[PDB]
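In the form deposited in one PDB entry, a lone chain appears below as structure tokens.
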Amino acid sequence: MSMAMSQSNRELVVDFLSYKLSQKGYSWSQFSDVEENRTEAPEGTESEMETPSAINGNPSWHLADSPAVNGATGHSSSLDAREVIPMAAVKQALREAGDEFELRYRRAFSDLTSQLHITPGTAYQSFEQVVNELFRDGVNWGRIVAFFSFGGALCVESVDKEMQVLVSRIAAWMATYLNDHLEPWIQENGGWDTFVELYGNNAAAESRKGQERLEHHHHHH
């Protein structure tokens, strides 16, 4: 029992909005939607300490003689985990999947965005309705990839002109809909791994092709 998927639904909704914003040049870090890490960066945690410059009664003693592990090495080096696999193949998988969605179809994203109109005021209300129709078929794999390019493009629709006041809210909507709706079906129908094997393609750049031509069927037969 060691599952959780903490940076698999949120980190993903933000990796798609940032990747798209890159095509335009904007950056996701430019906004952040947070408070400079920590509570709100109150200038009093690191790079300042709370000691004047001497205060006897503390000549850097703190023991300084631990048994290597535990005390020094432990808690800051021991414990081998590597942070497991947070996604990686899943991220690049959505990247190439976006190119396979902006070639045919045409409609679909134009209708969803038509029933929403992202702007100063909108929220997860209307976005939850249209998105509902998207997964109303049963959370299909093609419905998840299309849902990434739908909320993604909509995000750049506001940040494209320096209007991230609503782009952050867009990432929050896809986050609750990807962990409380697309997650249960993503595991009940295989898992983010199998889906990566479906569309998430590393970069074979071959696909049973890319080799001159060989012989469609012999010219002389």
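The numbering used is simple: start at 1 and walk along the sequence shown.
The next section is about a form of this same protein that is not shown, the form deposited with a partner chain bound.
A.B. asks: Does residue 162 reach its partner chain in the entry with it bound, with heavy atoms at most 4.5 Å apart?
C.D. replies: Close contact exists here: in the entry with it bound, residue 162 approaches its partner chain to within 4.5 Å, heavy atoms only.
A.B. asks: Since only the chain is shown here, I'm wondering whether residue 116 would be in contact with its partner chain in the entry with it bound (any heavy atom pair within 4.5 Å).
C.D. replies: Close contact exists here: in the entry with it bound, residue 116 approaches its partner chain to within 4.5 Å, heavy atoms only.
A.B. asks: Does residue 140 make contact with its partner chain in the entry with it bound, using a 4.5 Å heavy atom cut-off?
C.D. replies: Judged by the heavy-atom cut-off of 4.5 Å, residue 140 is in contact with its partner chain in the entry with it bound.
A.B. asks: Contact between residue 87 and its partner chain in the entry with it bound at 4.5 Å, heavy atoms?
C.D. replies: Residue-level check for residue 87: no, no contact with its partner chain.
A.B. asks: So, 109, 130 and 145: all three within 4.5 Å of its partner chain in the entry with it bound by heavy atoms, or not?
C.D. replies: Per the other structure, all of 109, 130 and 145 touch its partner chain.
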